[PDB]
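For reference, target.txt is printed below; it contains compact mmCIF, N, CA and C atoms.
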# COMPACT_ATOMS: atom_id res chain seq x y z
N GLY A 1 68.98 -52.53 -63.55
CA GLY A 1 68.31 -53.13 -62.41
C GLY A 1 66.84 -52.77 -62.34
N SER A 2 66.43 -52.14 -61.24
CA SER A 2 65.04 -51.75 -61.06
C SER A 2 64.84 -50.29 -61.43
N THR A 3 63.65 -49.97 -61.95
CA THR A 3 63.33 -48.61 -62.35
C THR A 3 62.58 -47.88 -61.25
N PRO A 4 62.84 -46.57 -61.11
CA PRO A 4 62.19 -45.73 -60.10
C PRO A 4 60.71 -45.51 -60.39
N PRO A 5 59.88 -45.57 -59.34
CA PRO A 5 58.43 -45.38 -59.46
C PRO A 5 58.07 -43.93 -59.78
N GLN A 6 58.88 -43.00 -59.29
CA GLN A 6 58.63 -41.58 -59.53
C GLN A 6 58.78 -41.25 -61.01
N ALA A 7 59.71 -41.92 -61.68
CA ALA A 7 59.95 -41.70 -63.10
C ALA A 7 58.65 -41.77 -63.89
N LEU A 8 57.73 -42.62 -63.43
CA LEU A 8 56.44 -42.79 -64.10
C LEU A 8 55.65 -41.49 -64.08
N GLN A 9 55.22 -41.08 -62.90
CA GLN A 9 54.45 -39.85 -62.75
C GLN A 9 55.25 -38.64 -63.21
N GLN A 10 56.57 -38.81 -63.29
CA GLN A 10 57.45 -37.73 -63.72
C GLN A 10 57.12 -37.29 -65.14
N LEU A 11 56.74 -38.25 -65.98
CA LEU A 11 56.39 -37.96 -67.37
C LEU A 11 57.56 -37.29 -68.09
N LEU A 12 58.70 -37.97 -68.12
CA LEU A 12 59.89 -37.44 -68.78
C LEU A 12 59.58 -37.05 -70.22
N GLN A 13 58.66 -37.79 -70.84
CA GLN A 13 58.27 -37.52 -72.22
C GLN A 13 57.79 -36.08 -72.38
N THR A 14 56.79 -35.70 -71.59
CA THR A 14 56.24 -34.35 -71.65
C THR A 14 57.27 -33.32 -71.21
N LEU A 15 57.94 -33.59 -70.10
CA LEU A 15 58.96 -32.69 -69.57
C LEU A 15 60.09 -32.49 -70.58
N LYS A 16 60.35 -33.53 -71.37
CA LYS A 16 61.41 -33.47 -72.37
C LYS A 16 60.86 -32.96 -73.70
N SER A 17 59.65 -32.43 -73.67
CA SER A 17 59.01 -31.91 -74.88
C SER A 17 59.34 -30.43 -75.07
N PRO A 18 59.31 -29.97 -76.33
CA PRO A 18 59.60 -28.58 -76.68
C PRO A 18 58.51 -27.63 -76.20
N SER A 19 58.88 -26.37 -75.99
CA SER A 19 57.93 -25.36 -75.54
C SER A 19 56.98 -24.96 -76.66
N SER A 20 57.23 -25.48 -77.85
CA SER A 20 56.39 -25.18 -79.01
C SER A 20 54.91 -25.26 -78.65
N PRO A 21 54.08 -24.51 -79.38
CA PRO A 21 52.64 -24.48 -79.16
C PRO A 21 51.96 -25.78 -79.56
N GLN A 22 52.58 -26.50 -80.49
CA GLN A 22 52.04 -27.77 -80.96
C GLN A 22 51.99 -28.80 -79.83
N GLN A 23 53.14 -29.07 -79.23
CA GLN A 23 53.23 -30.03 -78.14
C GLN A 23 52.43 -29.55 -76.93
N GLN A 24 52.29 -28.24 -76.80
CA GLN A 24 51.55 -27.66 -75.69
C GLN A 24 50.08 -28.07 -75.73
N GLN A 25 49.55 -28.20 -76.94
CA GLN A 25 48.15 -28.59 -77.11
C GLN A 25 47.91 -30.00 -76.57
N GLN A 26 48.91 -30.87 -76.72
CA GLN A 26 48.80 -32.24 -76.25
C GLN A 26 48.97 -32.31 -74.74
N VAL A 27 50.10 -31.83 -74.25
CA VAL A 27 50.38 -31.83 -72.82
C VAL A 27 49.24 -31.20 -72.03
N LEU A 28 48.58 -30.23 -72.65
CA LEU A 28 47.46 -29.54 -72.00
C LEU A 28 46.47 -30.54 -71.41
N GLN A 29 46.34 -31.69 -72.06
CA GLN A 29 45.42 -32.72 -71.59
C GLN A 29 45.86 -33.25 -70.23
N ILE A 30 47.16 -33.36 -70.03
CA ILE A 30 47.71 -33.86 -68.77
C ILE A 30 47.09 -33.12 -67.58
N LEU A 31 46.86 -31.82 -67.75
CA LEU A 31 46.28 -31.01 -66.69
C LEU A 31 45.04 -31.68 -66.11
N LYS A 32 44.33 -32.42 -66.95
CA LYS A 32 43.12 -33.12 -66.52
C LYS A 32 43.38 -33.94 -65.26
N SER A 33 44.59 -34.47 -65.15
CA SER A 33 44.97 -35.28 -63.99
C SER A 33 46.03 -34.56 -63.16
N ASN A 34 46.09 -33.24 -63.29
CA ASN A 34 47.05 -32.44 -62.55
C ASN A 34 46.41 -31.16 -62.03
N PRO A 35 45.47 -31.31 -61.08
CA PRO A 35 44.77 -30.17 -60.48
C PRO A 35 45.67 -29.33 -59.59
N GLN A 36 45.84 -29.76 -58.35
CA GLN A 36 46.69 -29.05 -57.40
C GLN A 36 48.16 -29.23 -57.74
N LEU A 37 48.53 -30.44 -58.13
CA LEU A 37 49.91 -30.75 -58.48
C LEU A 37 50.34 -29.97 -59.72
N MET A 38 49.40 -29.25 -60.32
CA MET A 38 49.68 -28.46 -61.51
C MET A 38 50.93 -27.61 -61.32
N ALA A 39 51.19 -27.23 -60.08
CA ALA A 39 52.36 -26.42 -59.76
C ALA A 39 53.58 -27.29 -59.48
N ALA A 40 53.34 -28.45 -58.87
CA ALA A 40 54.42 -29.38 -58.55
C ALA A 40 55.00 -30.00 -59.81
N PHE A 41 54.19 -30.07 -60.86
CA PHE A 41 54.62 -30.64 -62.13
C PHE A 41 55.73 -29.81 -62.76
N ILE A 42 55.68 -28.50 -62.54
CA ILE A 42 56.68 -27.59 -63.08
C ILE A 42 58.01 -27.74 -62.35
N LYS A 43 57.93 -27.99 -61.04
CA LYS A 43 59.13 -28.16 -60.23
C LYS A 43 59.97 -29.32 -60.73
N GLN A 44 59.31 -30.39 -61.16
CA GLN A 44 60.00 -31.57 -61.67
C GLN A 44 60.68 -31.27 -63.00
N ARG A 45 60.05 -30.43 -63.81
CA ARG A 45 60.60 -30.06 -65.11
C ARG A 45 61.82 -29.17 -64.95
N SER A 46 61.80 -28.32 -63.92
CA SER A 46 62.91 -27.41 -63.67
C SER A 46 64.02 -28.11 -62.89
N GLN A 47 63.63 -29.00 -61.98
CA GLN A 47 64.59 -29.74 -61.17
C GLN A 47 64.07 -31.14 -60.85
N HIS A 48 64.69 -32.15 -61.45
CA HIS A 48 64.29 -33.53 -61.23
C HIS A 48 65.45 -34.34 -60.66
N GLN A 49 65.96 -33.91 -59.51
CA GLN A 49 67.07 -34.60 -58.86
C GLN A 49 66.56 -35.62 -57.85
N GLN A 50 67.29 -36.72 -57.70
CA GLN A 50 66.91 -37.77 -56.76
C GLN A 50 68.10 -38.17 -55.89

Give the structure from this file in structure tokens form.
Amino acid sequence: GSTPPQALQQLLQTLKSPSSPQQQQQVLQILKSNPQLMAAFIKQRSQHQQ
């Protein structure tokens, strides 16, 4: 049916990425658009229930 809007900003791709240092270098860029939410971004990775 229809897809959730939160799924977008959720960035399942990054959240579903390995803790490896390689992927970390890429995701690091995301921070550019994650100032204050920098902390809220972790909450979604630890718990993404709807």

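Atom N of residue 46 (chain A) to atom C of residue 2 (chain A) spans 22.3 Å [interatomic distance, one decimal].
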
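Atom N of residue 3 (chain A) sits 25.7 Å away from atom C of residue 38 (chain A).
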
* Asked: What gap, in Å, lies between atom C of residue 8 (chain A) and atom C of residue 24 (chain A)?
  -> 18.6 Å
